[PDB]
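> Can you keep this structure in mind? I'll have questions shortly.
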Protein chains: 2
Amino acid sequence: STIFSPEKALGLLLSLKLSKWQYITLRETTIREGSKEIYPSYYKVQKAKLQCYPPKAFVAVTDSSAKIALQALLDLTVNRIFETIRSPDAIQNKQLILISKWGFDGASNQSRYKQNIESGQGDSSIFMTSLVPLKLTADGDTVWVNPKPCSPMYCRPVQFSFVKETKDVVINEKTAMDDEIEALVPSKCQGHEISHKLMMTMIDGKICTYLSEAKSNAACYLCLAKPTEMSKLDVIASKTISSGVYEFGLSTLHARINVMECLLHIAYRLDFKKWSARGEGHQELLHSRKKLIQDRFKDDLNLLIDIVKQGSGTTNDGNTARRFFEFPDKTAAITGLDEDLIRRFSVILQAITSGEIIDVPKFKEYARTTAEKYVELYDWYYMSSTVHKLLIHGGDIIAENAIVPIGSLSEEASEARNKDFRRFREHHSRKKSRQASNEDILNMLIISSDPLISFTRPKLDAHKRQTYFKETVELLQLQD
Amino acid sequence: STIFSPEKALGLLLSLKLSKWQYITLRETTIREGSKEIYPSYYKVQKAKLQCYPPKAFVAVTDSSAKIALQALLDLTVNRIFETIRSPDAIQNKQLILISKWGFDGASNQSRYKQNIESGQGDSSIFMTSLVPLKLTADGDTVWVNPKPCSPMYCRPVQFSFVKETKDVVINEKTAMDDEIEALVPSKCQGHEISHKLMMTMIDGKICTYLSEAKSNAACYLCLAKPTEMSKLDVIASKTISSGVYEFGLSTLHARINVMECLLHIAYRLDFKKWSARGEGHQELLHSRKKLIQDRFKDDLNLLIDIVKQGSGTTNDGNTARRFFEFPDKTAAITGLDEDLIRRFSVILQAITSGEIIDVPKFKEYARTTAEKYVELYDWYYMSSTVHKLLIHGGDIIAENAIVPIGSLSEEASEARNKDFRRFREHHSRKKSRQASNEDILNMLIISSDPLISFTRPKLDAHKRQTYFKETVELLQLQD
DNA sequence: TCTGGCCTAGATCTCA
DNA sequence: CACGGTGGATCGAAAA
DNA sequence: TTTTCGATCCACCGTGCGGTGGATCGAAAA
DNA sequence: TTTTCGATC
DNA sequence: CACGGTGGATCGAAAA
DNA sequence: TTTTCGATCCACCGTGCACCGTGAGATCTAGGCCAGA
Ligand SMILES: [Mg+2]
Ligand SMILES: [Mg+2]
Ligand SMILES: [Mg+2]
Ligand SMILES: [Mg+2]
Ligand SMILES: [Zn+2]
Ligand SMILES: [Zn+2]
């Protein structure tokens, strides 16, 4: 007879970020005072962690990697989700389809243990694939929806290996996942069968240009258009898209930062107005303007702009992208760009990252108007692949992945697990053997992202929704 | 009326590493389950934190720094210490002296916030001063002793500022702290006057050469001995010591790593047998042997040797050294050094870092024998300033600081506080304003290192003992 | 004509 | 030999 | 017999120094 | 040619 | 317009 | 009235890319070239 059910104790251990010693200490220090039954014995929590694991035969953990068979992971994910549904009896005998999004990214700047000289690459950086369930569709009628589709609390890991992400490992992992996705059957939970629809939209431009048939990052992966070809519009409108590439959903996170960098790189060269930095005094005018723009940003908006930092690279952050767009008048006064163009870009990014249903006709109209405005204002600086992919091909990309609103398709989820992965590799693994450390990092990822647990898990409800701009409210489609 | 005393709740908050939200979640979730009282309201803990602060007029927190007047911090430290004494009346009306060790170090590669552009140096690296009480002496008879003299749980902060530790700022803070030590009056705690004796031994060699009357790091700051002179023993024995520099006690942490690195830098160039790598083919042989030794260490002992790390310089950790001295036979066959030299160095390092009383006649004998052995073995590689300070001047700097056994005078604590400072700046500050963030980092340092709290606060004990090498135990002074 | 010794000069170590 | 940890594995005893 | 719970143990981590931009590959400018 | 610039992470 | 969070400050109402 | 205790807020963090050795300073080896045998 315990006051906390071992699963509620597991939720308390996950939300408070406690460790075996810390939980045992909590328990014993509650015992010492005179209230015996307040927490289950850690044995019970170690036993309740087991409901969340896929069977041992499906998970393959070794020194330099840890993978789970995608079919088994999805079986388990659905079996857990059905313990969240209000009344799984209520839904009638109509076929079920779980829509989820998966994708991989590389987390660098890992702490390098001195142990287990293994065989591959040591451990400096991991490259992992994540599968987050977005929605459960019963013949169109949504029965279960992920309340925070970009949160890391539902993002399931498939496999993670200590290999630096390069073109070949990316291609091989994508081929493996495609074979595993083809070869999977609908799961079965309490007589209801669930067919899985997996979209690889948690992805970033580097991996995306890897996957498509396109050689350099200078060209769009959808139109194979060379960098100077992307100025004029008609040659682009007559282009023929490569096949199945809309599956590489518009990356909403990196769009912010990269279009920010595009507007910046236009601001830096406003004194000589050319795309290349080649010439007499081009570099020098560029660098003087660069330093002045950095310092003016620092003064007024109190934020670092394009300064190198260990790990991540630049301190060109997500929140820096938010703040570069928050007040277009101020940012225009600082950089010298046109305020209406920056405002148009902020509106487009709000519409995309909103997570609300977007109307393709009005969005395409907005986007082509914005591209005309851009070419009019700054035609010399050729649009970078992300801002081009955003303006021209954004409408079609939104239209294809219409089942779930784009912006619910964000790679941010996977990026968030980086901040979680370290916190599980440093403080929650057992360091005896590398195999044990990886096995427990994977156990922690599974337990943390379990829908039944992460449903009844304390959290912070302090993010009340923000007010859109005067134009996104027309661009979006609200039902309320 | 409650079950957990607010001070014990505060201990449970500091030990479990809980935040305000996590504590409130703990409390409310325990309430919801039918236990009306198991934890005090977070208001009670916020009010119990105030016991541990020094008065507001002595703590000066600003955007770029936060300091405390030394006399007030010491008043508070003793006032707390007298709350953990077994018997406060049993100590008689006899003079009391608290012997404590203080010193500063710089922690670079901090989290670089984008905020509060205030003029100086931004915030990338802090330079902070620490004061840890070692022992309470009643006319030679100990009443209170710090059970773990290098544990960051007792290390009190004096001041911390966001500036790069450099010769000028180091000299200025040393001058200021010397003045503050001169002007301090004995504290008055419940009819007992406690006079303070502060020794600046938590210090690294770089700061130590900054402070002494010595200009270059390559010279032994005690004897101002140039690196080419440091081979001959008698000539050095003739050298007159700088004034009062014995106060800068033996740095037990860094001496270990620098001895490891001296033995290594002897191993690397074992082929051509000269100090400098200046020559024809010297660089190439040196680097080839260096790569060979690195790979052999990798294979046999599974530890990184002299390859760069991010943020902490090189991958030469304290544990890398402690493993480099675990079995001198292996490392001897690995590098090419003599086994008995490494054995002797490991023995004196156990003697120093043991934290037990040392017999300076036997230690001086052992050290001059080891110097003779080093010269007879390798005369060409001029002893590195740290290993020379360790062998020649080690007996004298031990005998001077004989009141508390050296190794209890260890800078480890200061260094260890870095790992905590980060964990408090990132996870426990309030990020609204830099001034607020520094105020809360300082409050967290104070509370975490409060002797009354950190005494009765749960802790982990698995490191009970490690057996000594035979010559070390013949060198030490055991009393138990 | 041989030969060692002074003397700039910049490349190397050392500590963090 | 710095100190505070890291979580399953496993033995052993007490329940049940 | 089977479950439950503490107690030990394994063999390592992370605070111990930073710096400036890099990797890669096509693609545009001279 | 060829020789540097840049987009992406 | 990502999401989970950071702790004192202050208000307001309830308990004493 | 004074102490308690929850609610709300403030304005930001951190996951979003790299390698490779750095920094300040005196100090030491190179070897260059001239003054007596
Ligand atoms: Mg990426
Ligand atoms: Mg230092
Ligand atoms: Mg340090
Ligand atoms: Mg990433
Ligand atoms: Zn295109
Ligand atoms: Zn000396």
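Identifiers in this document derive from the order of the structure tokens: chains are assigned A, B, ..., residues are numbered from 1 separately in each chain, and ligands are numbered from 1 in order of occurrence.
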Taking only C-alpha atoms (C1' of nucleotides) and all ligand atoms into account, which residues are within 6 Å of ligand 6, as a PyMOL selection string?
chain B and resi 220+222-223+225+389
> Please determine the contact residues of chain H with respect to chain B at a cut-off of 10 Å, counting only C-alpha atoms (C1' of nucleotides), and supply them as a ChimeraX atom specification.
/H:4-6,10-14,19-22,24-30
> Hey, can you check how far CA of residue 316 in chain B sits from CA of residue 107 in chain B?
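Going from CA of residue 316 in chain B over to CA of residue 107 in chain B, I get 16.6 Å.
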> Which one of E:18, E:2, E:25, E:30 sits closest to chain A if you count only C-alpha atoms (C1' of nucleotides)?
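Closest to chain A, using only C-alpha atoms (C1' of nucleotides): E:25.
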> Enumerate residues in contact with ligand 2: an atom-to-atom distance of at most 7 Å, counting only C-alpha atoms (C1' of nucleotides) and all ligand atoms. Format the result as a PyMOL selection string.
(chain B and resi 105-106+204+206-207) or (chain C and resi 16)
> Ligand 5: which residues are within 12 Å, counting only C-alpha atoms (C1' of nucleotides) and all ligand atoms? Reply as a PyMOL selection string.
chain A and resi 214+217-242+245-246+383-397
> Taking only C-alpha atoms (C1' of nucleotides) and all ligand atoms into account, which residues have an atom no farther than 10 Å from ligand 3? I'd like them as a ChimeraX atom specification.
/B:104-108,127,203-204,206,254,312,411-412,414-418 /C:16 /E:15-17
> Output N, CA and C atoms (P, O5', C5', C4', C3', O3' and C1' of nucleotides) of each residue in that selection to a file, as an mmCIF file, in the first residue's frame.

```
data_model
loop_
_atom_site.group_PDB
_atom_site.id
_atom_site.type_symbol
_atom_site.label_atom_id
_atom_site.label_comp_id
_atom_site.auth_asym_id
_atom_site.auth_seq_id
_atom_site.Cartn_x
_atom_site.Cartn_y
_atom_site.Cartn_z
ATOM 1 N N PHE B 104 41.917 32.683 -5.183
ATOM 2 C CA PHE B 104 41.095 32.934 -6.352
ATOM 3 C C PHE B 104 41.550 32.125 -7.554
ATOM 4 N N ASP B 105 40.606 31.910 -8.467
ATOM 5 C CA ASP B 105 40.887 31.270 -9.747
ATOM 6 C C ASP B 105 39.875 31.771 -10.765
ATOM 7 N N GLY B 106 40.192 31.571 -12.041
ATOM 8 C CA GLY B 106 39.353 32.023 -13.137
ATOM 9 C C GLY B 106 38.746 30.854 -13.891
ATOM 10 N N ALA B 107 37.440 30.937 -14.113
ATOM 11 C CA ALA B 107 36.675 29.931 -14.842
ATOM 12 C C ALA B 107 36.239 30.551 -16.159
ATOM 13 N N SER B 108 36.906 30.181 -17.246
ATOM 14 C CA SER B 108 36.568 30.740 -18.542
ATOM 15 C C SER B 108 35.495 29.911 -19.229
ATOM 16 N N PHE B 127 36.354 35.487 -12.549
ATOM 17 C CA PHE B 127 37.533 35.350 -11.704
ATOM 18 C C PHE B 127 37.063 35.532 -10.270
ATOM 19 N N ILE B 203 45.264 28.149 -4.678
ATOM 20 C CA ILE B 203 45.851 28.997 -5.699
ATOM 21 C C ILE B 203 46.571 28.105 -6.690
ATOM 22 N N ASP B 204 46.636 28.587 -7.920
ATOM 23 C CA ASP B 204 47.275 27.878 -9.006
ATOM 24 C C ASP B 204 48.652 28.493 -9.233
ATOM 25 N N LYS B 206 49.969 29.821 -11.918
ATOM 26 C CA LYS B 206 49.983 31.055 -12.697
ATOM 27 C C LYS B 206 49.749 32.264 -11.804
ATOM 28 N N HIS B 254 47.472 20.982 -8.992
ATOM 29 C CA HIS B 254 48.185 21.246 -10.229
ATOM 30 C C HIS B 254 49.575 20.646 -10.237
ATOM 31 N N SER B 312 38.313 23.451 -21.694
ATOM 32 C CA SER B 312 39.181 23.141 -20.569
ATOM 33 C C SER B 312 40.610 22.891 -21.022
ATOM 34 N N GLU B 411 44.002 23.352 -3.683
ATOM 35 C CA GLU B 411 43.128 24.243 -4.425
ATOM 36 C C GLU B 411 41.941 23.524 -5.036
ATOM 37 N N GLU B 412 41.852 22.201 -4.879
ATOM 38 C CA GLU B 412 40.780 21.437 -5.506
ATOM 39 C C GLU B 412 39.442 22.126 -5.326
ATOM 40 N N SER B 414 38.449 25.182 -4.833
ATOM 41 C CA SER B 414 38.227 26.321 -5.716
ATOM 42 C C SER B 414 37.889 25.862 -7.122
ATOM 43 N N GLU B 415 38.736 24.997 -7.670
ATOM 44 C CA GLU B 415 38.527 24.441 -8.999
ATOM 45 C C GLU B 415 37.167 23.754 -9.084
ATOM 46 N N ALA B 416 36.829 22.975 -8.058
ATOM 47 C CA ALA B 416 35.559 22.264 -8.041
ATOM 48 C C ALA B 416 34.388 23.227 -8.063
ATOM 49 N N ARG B 417 34.540 24.400 -7.448
ATOM 50 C CA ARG B 417 33.438 25.349 -7.419
ATOM 51 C C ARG B 417 33.046 25.786 -8.815
ATOM 52 N N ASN B 418 33.983 25.759 -9.763
ATOM 53 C CA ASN B 418 33.618 26.055 -11.140
ATOM 54 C C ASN B 418 32.465 25.172 -11.585
ATOM 55 P P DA C 16 49.817 25.573 -12.840
ATOM 56 O "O5'" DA C 16 48.549 26.208 -13.553
ATOM 57 C "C5'" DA C 16 48.082 27.461 -13.135
ATOM 58 C "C4'" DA C 16 47.184 28.088 -14.179
ATOM 59 C "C3'" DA C 16 45.879 27.367 -14.428
ATOM 60 O "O3'" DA C 16 44.869 27.919 -13.591
ATOM 61 C "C1'" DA C 16 46.928 28.118 -16.476
ATOM 62 P P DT E 15 32.278 20.266 -16.471
ATOM 63 O "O5'" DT E 15 32.795 21.524 -15.654
ATOM 64 C "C5'" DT E 15 34.174 21.832 -15.649
ATOM 65 C "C4'" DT E 15 34.643 22.229 -14.261
ATOM 66 C "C3'" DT E 15 36.120 22.501 -14.160
ATOM 67 O "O3'" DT E 15 36.369 23.853 -14.458
ATOM 68 C "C1'" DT E 15 35.419 21.074 -12.381
ATOM 69 P P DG E 16 36.862 24.267 -15.924
ATOM 70 O "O5'" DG E 16 37.764 23.035 -16.373
ATOM 71 C "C5'" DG E 16 39.173 23.148 -16.360
ATOM 72 C "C4'" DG E 16 39.712 23.145 -14.945
ATOM 73 C "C3'" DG E 16 41.194 23.462 -14.838
ATOM 74 O "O3'" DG E 16 41.378 24.790 -14.418
ATOM 75 C "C1'" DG E 16 40.495 21.731 -13.336
ATOM 76 P P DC E 17 42.719 25.561 -14.828
ATOM 77 O "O5'" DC E 17 42.891 25.222 -16.375
ATOM 78 C "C5'" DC E 17 42.017 25.790 -17.330
ATOM 79 C "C4'" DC E 17 42.716 26.891 -18.091
ATOM 80 C "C3'" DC E 17 42.018 27.329 -19.360
ATOM 81 O "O3'" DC E 17 42.329 28.668 -19.622
ATOM 82 C "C1'" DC E 17 44.089 26.448 -19.922
#
```
> Identify which of the residues A:442, A:285, A:351, A:342 lies closest to chain G, counting only C-alpha atoms (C1' of nucleotides) when measuring atom-to-atom distances.
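Of A:442, A:285, A:351, A:342, the one nearest chain G is A:351, counting only C-alpha atoms (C1' of nucleotides).
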> Hey, list the chain C side of the contact with chain B: 10 Å cut-off, only C-alpha atoms (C1' of nucleotides), answer as a PyMOL selection string.
chain C and resi 11-16
> Store the residues picked out above in a file with C-alpha atoms (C1' of nucleotides), as a PDB file, in the first residue's frame.

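Dumped to selection-v6.pdb:
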```
ATOM      1  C1'  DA C  11      61.902  30.297 -31.572  1.00  0.00           C
ATOM      2  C1'  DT C  12      60.552  27.389 -27.443  1.00  0.00           C
ATOM      3  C1'  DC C  13      58.873  26.350 -22.841  1.00  0.00           C
ATOM      4  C1'  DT C  14      55.726  26.836 -19.004  1.00  0.00           C
ATOM      5  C1'  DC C  15      51.788  27.677 -16.451  1.00  0.00           C
ATOM      6  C1'  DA C  16      46.928  28.118 -16.476  1.00  0.00           C
TER       7       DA C  16
END
```
> With a distance cut-off of 9 Å and only C-alpha atoms (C1' of nucleotides), select the neighbouring residues of residue 317 in chain A, excluding the residue or stretch itself and same-chain residues fewer than 3 positions from it, and output the selection as an NGL selection string.
(:A and (257 or 304-305 or 314 or 320-322)) or (:H and (16))
